[PDB]
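Written out below as structure tokens is the structure these notes cover.
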Amino acid sequence: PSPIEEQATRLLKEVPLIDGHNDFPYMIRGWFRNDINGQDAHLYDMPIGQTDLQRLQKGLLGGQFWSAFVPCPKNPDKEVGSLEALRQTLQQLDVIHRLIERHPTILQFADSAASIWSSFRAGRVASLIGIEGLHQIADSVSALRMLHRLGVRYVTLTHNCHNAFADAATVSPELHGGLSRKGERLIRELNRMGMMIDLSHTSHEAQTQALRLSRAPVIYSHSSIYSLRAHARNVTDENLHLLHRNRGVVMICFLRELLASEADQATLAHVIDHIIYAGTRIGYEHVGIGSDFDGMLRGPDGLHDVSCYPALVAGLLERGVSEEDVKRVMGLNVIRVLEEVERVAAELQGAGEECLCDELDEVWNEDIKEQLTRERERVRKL
Amino acid sequence: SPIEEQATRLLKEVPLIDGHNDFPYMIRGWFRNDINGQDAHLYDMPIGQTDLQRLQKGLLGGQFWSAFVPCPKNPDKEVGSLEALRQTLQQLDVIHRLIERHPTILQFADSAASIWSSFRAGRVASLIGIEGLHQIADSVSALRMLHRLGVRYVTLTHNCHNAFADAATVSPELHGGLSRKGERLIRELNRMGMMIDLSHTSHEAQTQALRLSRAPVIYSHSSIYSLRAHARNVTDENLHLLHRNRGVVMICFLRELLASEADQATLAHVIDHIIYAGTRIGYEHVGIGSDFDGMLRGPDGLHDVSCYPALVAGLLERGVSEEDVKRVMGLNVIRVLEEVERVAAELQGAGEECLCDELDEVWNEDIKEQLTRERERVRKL
Ligand SMILES: [Fe+3]
Ligand SMILES: [Fe+3]
Ligand SMILES: [Fe+3]
Ligand SMILES: [Fe+3]
Numbered sequence: 003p004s005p006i007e008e009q010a011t012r013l014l015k016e017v018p019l020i021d022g023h024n025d026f027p028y029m030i031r032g033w034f035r036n037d038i039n040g041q042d043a044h045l046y047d048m049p050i051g052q053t054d055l056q057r058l059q060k061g062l063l064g065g066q067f068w069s070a071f072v073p074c075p076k077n078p079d080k081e082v083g084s085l086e087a088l089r090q091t092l093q094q095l096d097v098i099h100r101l102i103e104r105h106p107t108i109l110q111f112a113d114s115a116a117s118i119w120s121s122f123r124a125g126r127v128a129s130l131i132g133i134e135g136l137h138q139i140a141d142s143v144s145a146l147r148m149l150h151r152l153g154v155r156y157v158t159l160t161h162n163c164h165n166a167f168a169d170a171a172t173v174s175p176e177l178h179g180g181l182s183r184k185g186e187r188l189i190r191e192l193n194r195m196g197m198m199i200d201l202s203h204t205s206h207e208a209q210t211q212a213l214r215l216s217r218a219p220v221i222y223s224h225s226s227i228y229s230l231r232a233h234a235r236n237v238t239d240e241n242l243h244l245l246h247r248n249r250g251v252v253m254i255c256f257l258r259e260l261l262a263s264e265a266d267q268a269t270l271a272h273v274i275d276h277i278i279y280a281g282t283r284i285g286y287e288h289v290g291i292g293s294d295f296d297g298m299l300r301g302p303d304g305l306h307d308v309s310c311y312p313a314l315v316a317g318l319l320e321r322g323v324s325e326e327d328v329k330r331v332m333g334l335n336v337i338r339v340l341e342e343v344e345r346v347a348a349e350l351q352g353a354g355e356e357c358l359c360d361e362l363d364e365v366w367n368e369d370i371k372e373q374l375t376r377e378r379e380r381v382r383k384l
Numbered sequence: 004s005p006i007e008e009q010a011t012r013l014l015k016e017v018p019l020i021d022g023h024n025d026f027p028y029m030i031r032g033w034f035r036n037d038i039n040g041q042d043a044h045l046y047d048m049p050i051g052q053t054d055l056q057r058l059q060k061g062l063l064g065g066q067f068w069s070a071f072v073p074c075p076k077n078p079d080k081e082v083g084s085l086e087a088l089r090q091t092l093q094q095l096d097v098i099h100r101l102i103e104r105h106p107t108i109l110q111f112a113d114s115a116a117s118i119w120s121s122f123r124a125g126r127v128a129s130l131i132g133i134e135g136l137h138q139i140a141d142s143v144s145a146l147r148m149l150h151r152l153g154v155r156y157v158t159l160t161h162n163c164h165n166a167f168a169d170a171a172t173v174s175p176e177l178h179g180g181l182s183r184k185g186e187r188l189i190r191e192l193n194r195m196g197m198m199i200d201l202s203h204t205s206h207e208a209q210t211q212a213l214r215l216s217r218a219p220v221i222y223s224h225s226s227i228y229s230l231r232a233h234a235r236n237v238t239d240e241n242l243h244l245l246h247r248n249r250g251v252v253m254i255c256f257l258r259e260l261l262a263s264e265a266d267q268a269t270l271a272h273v274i275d276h277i278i279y280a281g282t283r284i285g286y287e288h289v290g291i292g293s294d295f296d297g298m299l300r301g302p303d304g305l306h307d308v309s310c311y312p313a314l315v316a317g318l319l320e321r322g323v324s325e326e327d328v329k330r331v332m333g334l335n336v337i338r339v340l341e342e343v344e345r346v347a348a349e350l351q352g353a354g355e356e357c358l359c360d361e362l363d364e365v366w367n368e369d370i371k372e373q374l375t376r377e378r379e380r381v382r383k384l
């Protein structure tokens with residue numbers, strides 16, 4: 003082992019490398035249909051995908067935001083499709099929690115900066131949860147708050163579907179031209195409840211608007227740099243600057259199509275170029291790692307699966323990024339953002355800000371209400 | 004009065020835990036779950052049998068707050084069932100917000116220990132039940148997430164049949180008790196530590212569930228068939244099977260379940276029903292399950308949540324011992340919840356397999372082949 007490899011191992015022991023996005027729970031849905039009973043051998047050594055419990059240990063990962071992604075609604079009936087996504091979301095959250103609870107020596111649930119650290123002190127992979135698109139809440143802010151209560155700590159505003167709140171990057175034409183009025187109001191509620199905003203998959207204009215409106219720092223859980231590779235899913239220099247002002251973190255993606263114009267030419271070196279570009283221009287306190295492992299068939303050369311994180315840490319150190327800055331990129335930055343999201347929420351909840359409520363149908367007509375008020379006054383007269 | 008001072012002392016010593024109150028649905032009806040700036044009204048409600056001042060006044064120790072939503076009414080049954088799941092999350096949301104915005108009065112509880120600490124702190128222990136398996140949209144995954152959101156009992160039906168069990172008030176019978184899915188769900192409910200509630204279910208569904216369950220169950224709001232014949236009241240057969248199950252029948256204040264003429268129902272009738280059950284299956288298997296806010300008008304002397312001291316005094320006046328009154332008030336339902344937790348921990352300790360939803364295949368064989376081909380390429384590196 004070289005001095006740089008031993009340096010990288012020491013860093014991975016000192017601070018948690020917290021990855022922004024991994025779709026292993028969706029692979030469990032694809033391969034096992036969320037039935038993991040008697041499948042331990044396969045969960046430790048998977049016949050498919052970039053994640054399993056042995057390789058997770060091997061790469062020395064400190065924490066993970068596990069994705070509770072479900073696809074954009076396909077159904078011709080938009081009501082069924084939207085509501086179906088909500089039920090599927092609960093299935094994915096259910097399998098994530100069961101995965102964590104059945105493998106407590108490896109995985110430990112975390113929903114805060116303090117719970118990340120205690121998990122890391124115990125030698126566990128801090129296991130957090132994100133949902134990937136506001137299509138997953140079926141237009142219900144109530145449902146969103148219940149997802150927060152189930153352990154969800156970030157919400158990607160869109161996937162590759164426009165929704166009632168925001169525009170996806172990969173869909174043309176634009177629906178809202180950024181955020182809708184409902185989207186703008188939801189940003190306030192996300193800040194109030196302490197839900198981290200994730201701007202990956204959203205349009206450049208939706209990012210700009212959210213970055214101006216948010217009272218808490220946001221993340222890109224898995225996006226790369228537009229100036230190195232022009233793509234609808236990568237972050238422009240304008241939005242990198244607005245991220246700096248927001249105090250947020252861009253978690254650099256391993257998607258080959260986001261790193262190079264020819265996908266088969268993408269490499270570990272390209273991921274490092276993107277980290278260094280962002281770190282140099284907006285500071286290493288605003289850059290993270292957001293693999294998107296299991297959101298792709300094949301990774302870059304040298305970042306093929308979750309065992310490869312030591313090569314990334316070593317590669318950053320080899321380019322002259324300081325230990326303190328590498329530690330920031332590994333996980334301290336995303337911990338800070340989560341910490342600030344909590345603090346903003348506690349501040350707004352302490353001042354007693356009104357929560358956003360769903361628009362409900364009336365269930366009682368005026369005759370029922372009159373009967374109720376008449377009954378109440380009968381009781382008052384007793 | 005000596006008996007009223009006795010009643011007050013008992014209410015201070017042990018928590019009176021009521022089995023069922025639909026105040027959250029009244030909040031949905033009246034405020035549409037928008038309680039911002041509505042404290043004055045939540046303390047002094049212009050409608051209904053529950054508000055925060057009267058809740059204090061009656062000295063209630065704990066409450067299972069109902070997250071009820073109506074049976075699906077949509078002709079498109081897929082939309083209707085999924086709609087009920089979304090509404091359930093709305094009701095769980097308003098219950099949690101109600102508790103969180105009034106912490107001097109209400110404290111969330113999900114266990115025997117959290118009930119006691121809430122009661123020690125002078126709070127109404129605030130638990131949650133859902134009223135009908137229509138609320139889970141045929142998803143056992145959803146049910147486990149409702150448990151994680153704080154739900155601690157599930158009424159198997161409301162006033163509609165579902166895929167798991169038959170409701171009492173709907174004829175003809177669909178499953179003739181429990182379905183095959185229903186039988187399998189009982190095992191999962193026991194495994195996860197969800198208390199089974201048999202109110203609203205058919206007589207035969209009760210009998211089958213009472214034989215199958217490995218944990219004690221409740222009736223969160225049902226009365227006695229032999230005193231008043233009704234599809235919603237518990238037969239002597241099922242009272243005996245409840246005894247064997249070690250469960251608790253929480254006596255209902257619904258006028259229609261206490262007397263043949265609803266306007267004749269009284270506090271005395273509720274006490275007759277408690278004493279009937281307590282005499283025949285023991286006072287350790289009887290509780291109080293008002294169903295306040297599941298009705299327009301209560302019985303004479305039990306018009307709202309302020310009236311619990313009159314019920315406690317009335318039981319003592321009829322010769323029910325302090326120890327037995329304390330059991331009926333709340334110790335029995337605390338025991339059931341305790342035993343439900345213990346059965347769950349025991350089954351989870353033995354590593355029993357959880358019930359999984361039947362999912363659609365999402366990858367065709369071409370995608371699966373590409374994935375295994377990719378995995379083997381990685382193994383060769
Ligand atoms: Fe993803
Ligand atoms: Fe993605
Ligand atoms: Fe009810
Ligand atoms: Fe009811």
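Chains as they are written, first to last, in the authors' numbering: chain A, 3 to 384; chain B, 4 to 384. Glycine residues also receive a C-beta, built at the ideal position from the N, C-alpha and C atoms.
CB-CB length for residue i against residue j, believed under 8 Å
{"i": "A:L88", "j": "B:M148", "result": "Their Cβ separation, rounded to whole angstroms, is 11 Å, which puts A:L88 and B:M148 out of contact at 8 Å."}
{"i": "B:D296", "j": "B:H224", "result": "Not really, about 11 Å apart at Cβ, beyond 8 Å."}
{"i": "A:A171", "j": "A:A234", "result": "4 Å"}
{"i": "A:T107", "j": "A:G135", "result": "The pair is not a contact, with the Cβ atoms about 32 Å apart (cut-off 8 Å)."}
{"i": "A:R155", "j": "A:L130", "result": "5 Å"}
{"i": "B:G352", "j": "B:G22", "result": "Wrong, their Cβ atoms sit about 29 Å apart, outside the cutoff."}
{"i": "A:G250", "j": "A:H288", "result": "7 Å"}
{"i": "A:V252", "j": "A:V237", "result": "6 Å"}
{"i": "A:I278", "j": "A:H246", "result": "Not a contact, Cβ separation roughly 16 Å."}
Reference residue i; option with closest CA among the options
{"i": "B:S226", "options": "B:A218, B:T204, B:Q211 and B:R217", "result": "B:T204"}
{"i": "A:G64", "options": "A:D42, A:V17 and A:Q41", "result": "A:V17"}
{"i": "B:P302", "options": "B:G285, B:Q267 and B:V331", "result": "B:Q267"}
{"i": "A:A218", "options": "A:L152, A:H23, A:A348 and A:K76", "result": "A:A348"}
{"i": "B:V381", "options": "A:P312, A:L305, A:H164 and A:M253", "result": "A:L305"}
{"i": "B:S182", "options": "B:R35, B:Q211, B:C163 and B:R194", "result": "B:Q211"}
{"i": "B:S117", "options": "B:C163, B:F71, B:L314 and B:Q66", "result": "B:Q66"}
{"i": "B:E356", "options": "A:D25, A:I38 and A:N77", "result": "A:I38"}
{"i": "A:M48", "options": "A:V365, A:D307, A:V315 and A:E361", "result": "A:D307"}
{"i": "B:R12", "options": "B:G83, B:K329 and B:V157", "result": "B:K329"}
{"i": "A:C163", "options": "A:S309, A:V331, A:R321 and A:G83", "result": "A:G83"}
Per-residue DSSP class, three states only, for residue i
{"i": "A:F256", "result": "coil"}
{"i": "A:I108", "result": "coil"}
{"i": "B:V143", "result": "helix"}
{"i": "A:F26", "result": "helix"}
{"i": "A:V381", "result": "helix"}
{"i": "B:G83", "result": "helix"}
{"i": "B:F295", "result": "strand"}
{"i": "B:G354", "result": "coil"}
{"i": "B:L314", "result": "helix"}
{"i": "B:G185", "result": "helix"}
{"i": "B:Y46", "result": "helix"}
{"i": "B:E191", "result": "helix"}
{"i": "B:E264", "result": "coil"}
Residue i versus residue j - alpha carbon distance
{"i": "A:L215", "j": "A:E186", "result": "7 Å"}
{"i": "B:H178", "j": "B:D169", "result": "6 Å"}
{"i": "A:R345", "j": "A:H150", "result": "16 Å"}
{"i": "B:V323", "j": "A:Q41", "result": "55 Å"}
{"i": "B:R190", "j": "A:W33", "result": "26 Å"}
{"i": "A:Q52", "j": "A:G61", "result": "12 Å"}
{"i": "B:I102", "j": "B:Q59", "result": "14 Å"}
{"i": "B:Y28", "j": "B:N335", "result": "26 Å"}
{"i": "B:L92", "j": "A:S202", "result": "27 Å"}
{"i": "B:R35", "j": "B:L55", "result": "18 Å"}
{"i": "B:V143", "j": "A:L152", "result": "15 Å"}
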